[PDB]
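Next comes model.cif, with mmCIF, C-alpha atoms and all ligand atoms.
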```
data_model
#
loop_
_atom_site.group_PDB
_atom_site.id
_atom_site.type_symbol
_atom_site.label_atom_id
_atom_site.label_comp_id
_atom_site.auth_asym_id
_atom_site.auth_seq_id
_atom_site.Cartn_x
_atom_site.Cartn_y
_atom_site.Cartn_z
ATOM 1 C CA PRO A 1 -86.026 -105.061 11.411
ATOM 2 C CA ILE A 2 -86.848 -108.786 12.040
ATOM 3 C CA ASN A 3 -90.331 -109.357 13.481
ATOM 4 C CA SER A 4 -89.702 -112.189 15.936
ATOM 5 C CA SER A 5 -93.429 -113.200 15.815
ATOM 6 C CA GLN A 6 -92.931 -114.290 12.139
ATOM 7 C CA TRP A 7 -90.072 -116.778 12.812
ATOM 8 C CA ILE A 8 -89.843 -120.040 14.765
ATOM 9 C CA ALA A 9 -86.360 -121.048 16.054
ATOM 10 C CA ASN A 10 -85.380 -124.672 16.847
ATOM 11 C CA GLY A 11 -82.265 -126.234 18.399
ATOM 12 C CA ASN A 12 -79.252 -123.926 18.781
ATOM 13 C CA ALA A 13 -80.801 -121.162 16.547
ATOM 14 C CA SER A 14 -81.967 -117.795 17.939
ATOM 15 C CA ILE A 15 -83.937 -114.855 16.546
ATOM 16 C CA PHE A 16 -82.134 -111.490 16.958
ATOM 17 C CA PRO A 17 -83.516 -108.001 16.135
ATOM 18 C CA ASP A 18 -81.463 -107.868 12.855
ATOM 19 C CA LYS A 19 -80.430 -111.484 12.070
ATOM 20 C CA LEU A 20 -81.437 -115.161 12.336
ATOM 21 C CA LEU A 21 -78.586 -116.852 14.211
ATOM 22 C CA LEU A 22 -78.282 -120.509 13.088
ATOM 23 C CA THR A 23 -75.209 -121.627 15.132
ATOM 24 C CA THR A 24 -72.857 -119.978 17.608
ATOM 25 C CA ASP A 25 -69.080 -120.616 17.303
ATOM 26 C CA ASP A 26 -69.376 -123.856 19.387
ATOM 27 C CA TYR A 27 -69.258 -127.612 18.562
ATOM 28 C CA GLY A 28 -72.050 -130.107 17.791
ATOM 29 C CA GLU A 29 -74.857 -127.637 16.949
ATOM 30 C CA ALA A 30 -77.997 -127.815 14.801
ATOM 31 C CA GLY A 31 -80.320 -124.861 14.377
ATOM 32 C CA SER A 32 -83.298 -124.027 12.171
ATOM 33 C CA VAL A 33 -85.513 -120.951 11.764
ATOM 34 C CA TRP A 34 -88.749 -121.188 9.795
ATOM 35 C CA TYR A 35 -90.998 -118.412 8.554
ATOM 36 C CA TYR A 36 -94.452 -118.668 10.103
ATOM 37 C CA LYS A 37 -96.530 -118.618 6.857
ATOM 38 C CA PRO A 38 -96.107 -121.047 3.971
ATOM 39 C CA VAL A 39 -95.513 -119.958 0.376
ATOM 40 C CA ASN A 40 -97.524 -120.961 -2.689
ATOM 41 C CA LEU A 41 -95.156 -122.740 -5.136
ATOM 42 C CA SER A 42 -97.833 -122.591 -7.935
ATOM 43 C CA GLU A 43 -96.562 -118.970 -8.027
ATOM 44 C CA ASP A 44 -92.961 -117.705 -8.528
ATOM 45 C CA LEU A 45 -90.742 -117.308 -5.457
ATOM 46 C CA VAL A 46 -87.728 -114.989 -5.094
ATOM 47 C CA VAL A 47 -85.728 -115.012 -1.834
ATOM 48 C CA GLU A 48 -82.701 -112.776 -1.210
ATOM 49 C CA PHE A 49 -80.647 -112.893 1.978
ATOM 50 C CA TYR A 50 -77.163 -112.232 3.327
ATOM 51 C CA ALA A 51 -75.308 -115.285 4.674
ATOM 52 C CA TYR A 52 -72.434 -115.282 7.209
ATOM 53 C CA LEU A 53 -70.426 -118.521 7.271
ATOM 54 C CA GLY A 54 -67.785 -117.582 9.892
ATOM 55 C CA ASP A 55 -64.239 -116.195 10.053
ATOM 56 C CA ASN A 56 -62.387 -119.560 10.337
ATOM 57 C CA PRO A 57 -61.532 -121.260 6.974
ATOM 58 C CA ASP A 58 -60.863 -124.497 8.910
ATOM 59 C CA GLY A 59 -64.348 -124.324 10.513
ATOM 60 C CA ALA A 60 -67.647 -126.031 9.624
ATOM 61 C CA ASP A 61 -70.282 -127.020 8.656
ATOM 62 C CA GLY A 62 -72.561 -124.648 6.670
ATOM 63 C CA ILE A 63 -76.129 -123.515 6.250
ATOM 64 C CA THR A 64 -79.183 -124.057 4.079
ATOM 65 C CA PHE A 65 -82.134 -122.207 2.685
ATOM 66 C CA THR A 66 -84.836 -124.935 2.780
ATOM 67 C CA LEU A 67 -88.365 -125.315 1.384
ATOM 68 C CA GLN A 68 -90.217 -128.129 3.234
ATOM 69 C CA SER A 69 -93.884 -129.104 3.682
ATOM 70 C CA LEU A 70 -93.869 -130.383 7.322
ATOM 71 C CA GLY A 71 -93.942 -127.290 9.505
ATOM 72 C CA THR A 72 -92.184 -125.001 11.879
ATOM 73 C CA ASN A 73 -90.749 -127.550 14.413
ATOM 74 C CA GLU A 74 -88.412 -129.330 11.934
ATOM 75 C CA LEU A 75 -84.703 -129.658 12.716
ATOM 76 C CA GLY A 76 -82.233 -131.837 10.806
ATOM 77 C CA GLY A 77 -78.927 -133.291 11.896
ATOM 78 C CA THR A 78 -75.830 -131.678 13.428
ATOM 79 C CA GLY A 79 -72.447 -131.428 11.739
ATOM 80 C CA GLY A 80 -72.371 -132.205 7.984
ATOM 81 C CA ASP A 81 -76.200 -132.536 8.036
ATOM 82 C CA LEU A 82 -76.174 -128.652 8.262
ATOM 83 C CA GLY A 83 -79.327 -128.628 10.461
ATOM 84 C CA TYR A 84 -81.145 -129.958 7.349
ATOM 85 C CA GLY A 85 -80.286 -133.628 6.837
ATOM 86 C CA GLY A 86 -83.314 -135.895 7.439
ATOM 87 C CA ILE A 87 -85.988 -133.228 6.647
ATOM 88 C CA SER A 88 -88.429 -134.460 3.971
ATOM 89 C CA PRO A 89 -90.189 -133.646 1.816
ATOM 90 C CA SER A 90 -87.827 -130.784 1.043
ATOM 91 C CA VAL A 91 -85.555 -128.963 -1.412
ATOM 92 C CA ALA A 92 -82.532 -127.133 0.003
ATOM 93 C CA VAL A 93 -79.799 -124.857 -1.262
ATOM 94 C CA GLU A 94 -76.757 -125.523 0.930
ATOM 95 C CA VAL A 95 -73.681 -123.356 1.494
ATOM 96 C CA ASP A 96 -71.354 -126.104 2.717
ATOM 97 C CA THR A 97 -68.059 -125.094 4.433
ATOM 98 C CA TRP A 98 -66.566 -128.540 5.348
ATOM 99 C CA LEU A 99 -65.678 -131.293 2.883
ATOM 100 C CA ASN A 100 -67.191 -134.608 4.026
ATOM 101 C CA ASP A 101 -66.432 -137.848 2.107
ATOM 102 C CA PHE A 102 -70.056 -137.638 0.766
ATOM 103 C CA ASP A 103 -69.397 -134.096 -0.614
ATOM 104 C CA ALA A 104 -67.595 -135.352 -3.773
ATOM 105 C CA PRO A 105 -67.300 -133.917 -6.367
ATOM 106 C CA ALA A 106 -67.013 -130.648 -4.431
ATOM 107 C CA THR A 107 -63.432 -129.542 -3.661
ATOM 108 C CA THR A 108 -63.919 -126.224 -1.721
ATOM 109 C CA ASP A 109 -66.704 -124.488 0.212
ATOM 110 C CA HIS A 110 -69.626 -125.062 -2.156
ATOM 111 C CA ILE A 111 -73.232 -124.344 -3.044
ATOM 112 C CA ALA A 112 -75.518 -127.272 -3.972
ATOM 113 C CA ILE A 113 -79.171 -128.342 -4.334
ATOM 114 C CA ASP A 114 -80.238 -131.164 -1.963
ATOM 115 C CA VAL A 115 -83.505 -133.111 -1.999
ATOM 116 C CA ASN A 116 -85.601 -134.783 0.724
ATOM 117 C CA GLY A 117 -82.935 -134.428 3.453
ATOM 118 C CA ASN A 118 -80.127 -136.138 1.505
ATOM 119 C CA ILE A 119 -76.730 -134.274 1.710
ATOM 120 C CA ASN A 120 -74.693 -136.801 -0.473
ATOM 121 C CA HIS A 121 -74.076 -135.073 -3.829
ATOM 122 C CA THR A 122 -73.393 -138.269 -5.896
ATOM 123 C CA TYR A 123 -76.525 -140.055 -4.542
ATOM 124 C CA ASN A 124 -78.720 -136.964 -5.332
ATOM 125 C CA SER A 125 -77.183 -136.608 -8.883
ATOM 126 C CA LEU A 126 -77.929 -140.393 -9.420
ATOM 127 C CA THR A 127 -81.495 -140.329 -7.940
ATOM 128 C CA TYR A 128 -83.341 -137.031 -8.688
ATOM 129 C CA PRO A 129 -81.118 -135.860 -10.449
ATOM 130 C CA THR A 130 -79.547 -132.713 -8.897
ATOM 131 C CA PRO A 131 -76.730 -130.619 -10.399
ATOM 132 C CA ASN A 132 -73.088 -131.042 -9.329
ATOM 133 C CA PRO A 133 -72.043 -128.845 -6.397
ATOM 134 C CA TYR A 134 -70.495 -125.498 -7.413
ATOM 135 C CA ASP A 135 -67.175 -124.623 -5.763
ATOM 136 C CA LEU A 136 -67.060 -121.030 -4.306
ATOM 137 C CA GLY A 137 -63.540 -121.198 -2.866
ATOM 138 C CA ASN A 138 -63.345 -120.037 0.774
ATOM 139 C CA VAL A 139 -66.485 -118.219 1.990
ATOM 140 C CA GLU A 140 -65.491 -118.405 5.703
ATOM 141 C CA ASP A 141 -63.944 -114.934 5.226
ATOM 142 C CA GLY A 142 -65.793 -112.969 8.007
ATOM 143 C CA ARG A 143 -67.938 -111.238 5.298
ATOM 144 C CA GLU A 144 -71.687 -111.356 4.546
ATOM 145 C CA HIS A 145 -72.500 -112.902 1.143
ATOM 146 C CA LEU A 146 -75.597 -112.090 -0.950
ATOM 147 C CA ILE A 147 -77.652 -115.145 -2.015
ATOM 148 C CA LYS A 148 -80.655 -114.989 -4.354
ATOM 149 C CA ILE A 149 -82.905 -118.001 -5.065
ATOM 150 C CA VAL A 150 -85.397 -117.862 -7.961
ATOM 151 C CA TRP A 151 -88.213 -120.417 -8.435
ATOM 152 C CA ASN A 152 -90.202 -119.963 -11.655
ATOM 153 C CA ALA A 153 -93.548 -121.809 -11.439
ATOM 154 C CA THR A 154 -94.115 -121.547 -15.249
ATOM 155 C CA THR A 155 -90.777 -123.027 -16.500
ATOM 156 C CA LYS A 156 -90.334 -125.217 -13.346
ATOM 157 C CA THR A 157 -86.778 -123.969 -12.796
ATOM 158 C CA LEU A 158 -84.583 -122.941 -9.842
ATOM 159 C CA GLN A 159 -81.659 -120.456 -10.098
ATOM 160 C CA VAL A 160 -79.121 -119.702 -7.341
ATOM 161 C CA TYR A 161 -76.939 -116.562 -7.333
ATOM 162 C CA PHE A 162 -73.982 -116.075 -4.950
ATOM 163 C CA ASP A 163 -72.456 -112.538 -4.598
ATOM 164 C CA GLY A 164 -74.305 -111.597 -7.823
ATOM 165 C CA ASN A 165 -72.956 -114.533 -9.877
ATOM 166 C CA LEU A 166 -75.283 -117.245 -11.286
ATOM 167 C CA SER A 167 -73.921 -120.401 -9.621
ATOM 168 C CA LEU A 168 -76.564 -123.175 -10.066
ATOM 169 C CA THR A 169 -79.634 -123.779 -12.168
ATOM 170 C CA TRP A 170 -82.078 -126.686 -12.205
ATOM 171 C CA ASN A 171 -85.093 -127.680 -14.327
ATOM 172 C CA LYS A 172 -86.988 -130.013 -11.922
ATOM 173 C CA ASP A 173 -90.564 -129.170 -10.894
ATOM 174 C CA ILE A 174 -89.939 -128.880 -7.108
ATOM 175 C CA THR A 175 -93.775 -129.010 -6.538
ATOM 176 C CA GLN A 176 -93.604 -132.722 -7.652
ATOM 177 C CA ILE A 177 -91.142 -133.234 -4.699
ATOM 178 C CA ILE A 178 -92.678 -131.155 -1.886
ATOM 179 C CA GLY A 179 -96.207 -130.179 -3.043
ATOM 180 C CA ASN A 180 -97.653 -126.815 -4.005
ATOM 181 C CA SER A 181 -97.292 -125.271 -0.500
ATOM 182 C CA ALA A 182 -94.139 -125.126 1.637
ATOM 183 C CA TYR A 183 -92.601 -123.488 4.634
ATOM 184 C CA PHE A 184 -89.315 -121.695 3.943
ATOM 185 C CA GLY A 185 -86.447 -121.034 6.307
ATOM 186 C CA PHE A 186 -82.798 -121.562 7.143
ATOM 187 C CA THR A 187 -80.742 -124.211 8.899
ATOM 188 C CA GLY A 188 -77.161 -124.543 10.076
ATOM 189 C CA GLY A 189 -74.881 -127.087 11.705
ATOM 190 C CA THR A 190 -71.512 -127.452 13.421
ATOM 191 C CA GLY A 191 -69.732 -130.661 14.367
ATOM 192 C CA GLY A 192 -66.112 -131.354 15.311
ATOM 193 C CA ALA A 193 -65.342 -128.067 13.544
ATOM 194 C CA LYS A 194 -67.343 -124.868 14.036
ATOM 195 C CA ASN A 195 -68.212 -121.307 13.028
ATOM 196 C CA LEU A 196 -70.682 -118.542 13.913
ATOM 197 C CA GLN A 197 -73.364 -118.820 11.168
ATOM 198 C CA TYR A 198 -76.318 -116.478 10.527
ATOM 199 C CA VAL A 199 -78.582 -115.028 7.830
ATOM 200 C CA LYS A 200 -80.205 -111.649 7.242
ATOM 201 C CA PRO A 201 -83.310 -112.032 5.069
ATOM 202 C CA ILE A 202 -83.668 -109.002 2.705
ATOM 203 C CA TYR A 203 -86.633 -109.781 0.369
ATOM 204 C CA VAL A 204 -89.191 -112.599 -0.183
ATOM 205 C CA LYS A 205 -91.651 -112.222 -3.082
ATOM 206 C CA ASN A 206 -94.241 -114.941 -3.815
ATOM 207 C CA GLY A 207 -96.211 -114.102 -7.015
HETATM 208 CA CA CA A 301 -70.071 -130.842 4.174
HETATM 209 MN MN MN A 302 -72.162 -130.540 0.497
#
```
Let's see the structure in the file written out as structure tokens.
Ligand SMILES: [Ca+2]
Ligand SMILES: [Mn+2]
Amino acid sequence: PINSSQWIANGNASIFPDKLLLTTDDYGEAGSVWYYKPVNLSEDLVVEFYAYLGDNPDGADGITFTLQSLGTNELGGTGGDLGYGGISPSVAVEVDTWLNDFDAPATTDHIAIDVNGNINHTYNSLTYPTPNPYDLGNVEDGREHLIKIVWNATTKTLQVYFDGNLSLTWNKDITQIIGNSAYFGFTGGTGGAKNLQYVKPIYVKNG
């Protein structure tokens, strides 16, 4: 059900017939998988996918959905960088499964909006600004979670749903950050703690 010709894998990521593997259950990884064709952010974008964050609550580090206007070879840092940190220009929705000192004010596994490769929630809230991270409780439960991301190119808003629940919204024009065209894809990282991490894209609608 995945067409491997449409996806470009970097680092420790791999393309499988039914999933995009971001990290294996091993230390120090970074992986990214980009879709081969950019999207037009002067039109609406809806992305729905299942996310698997692992079966170890004491594991790490998490995944992103990322929009970025560089191209299909990009790979961000390992560990708490989630395979994303350092990528710019970009907007990411992270599902973060390890609390770093820079993760305040998160207190559990959390979902957050990051900008231009910055994974520090207080810096982003002071600079852009981005919303506070939203605590999910433990999502390293060995289950697939449904994530939906909605960009509205008329209101200039982003919504994020997790297991059917509205979790984050934002009113920044992301096209003023990354431009009107972007590649989309997924990243993950592991560090001194680890988890098997993957996504299963379900639906992408642009306009
Ligand atoms: Ca983290
Ligand atoms: Mn975080």
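When atom CA of residue A:110 is paired with atom CA of residue A:36, their separation reads 28.4 Å.
When the PyMOL selection byres (((not hetatm)) within 7 of (chain A and resi 301)) is run on the displayed coordinates, the residues it returns are residues 61, 80, 96, 97, 98, 99, 100 and 103 of chain A.
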Return as JSON, numbers by chain the residues of protein, DNA or RNA that approach ligand MN 302 (chain A) to within 10 Å, with only C-alpha atoms and all ligand atoms taken into account.
-> {"A": [61, 62, 63, 80, 81, 82, 93, 94, 95, 96, 97, 98, 99, 100, 101, 102, 103, 104, 105, 106, 107, 108, 109, 110, 111, 112, 113, 114, 118, 119, 120, 121, 132, 133, 134, 135]}
Could you write out as a list in words the residues that the PyMOL selection byres (((chain A and resi 74) around 9) and not hetatm) matches in the shown file?
-> residues 10, 32, 33, 34, 68, 70, 71, 72, 73, 75, 76, 84 and 87 of chain A
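Remark: for residue A:151, the closest of the candidate residues A:47, A:123, A:25, A:193 is A:47 (distances computed over only C-alpha atoms).
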When you draw a straight line from atom CA of residue A:15 to atom CA of residue A:198, how long is it in Å?
->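 So the answer is 9.8 Å.
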Using only C-alpha atoms, which of the listed residues (A:207, A:164, A:189, A:131) sits closest to residue A:45?
->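 Once distances to residue A:45 are computed over only C-alpha atoms, the minimum belongs to A:207.
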With all atoms listed in the file as the basis for distance, which of A:54, A:79, A:89, A:137 is at the shortest distance from residue A:190?
->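 Looking at the shortest contact to residue A:190, the residue is A:79.
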Local residues around (-89.6, -125.2, 2.0), at most 9 Å away, using all atoms listed in the file, as a VMD selection string = chain A and resid 34 38 to 39 65 to 71 89 to 92 178 181 to 185
Output of the PyMOL selection byres (((chain A and resi 142-145) around 12) and not hetatm), listed as a PyMOL selection string = chain A and resi 19+48-57+59+95+136+138-141+146-148+161-165+195-202
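Atom CA of residue A:205 lies 18.7 Å from atom CA of residue A:173.
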Best match for closeness to residue A:83 among A:122, A:206, A:187, A:169, counting only C-alpha atoms |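 Using only C-alpha atoms, the shortest distance to residue A:83 belongs to A:187.
Considering the residues A:186, A:203, A:124, A:5 and counting all atoms listed in the file, residue A:31 has its shortest atom-to-atom contact with A:186.
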From A:14, A:116, A:78, A:24, residue lying nearest residue A:176 [only C-alpha atoms] | A:116
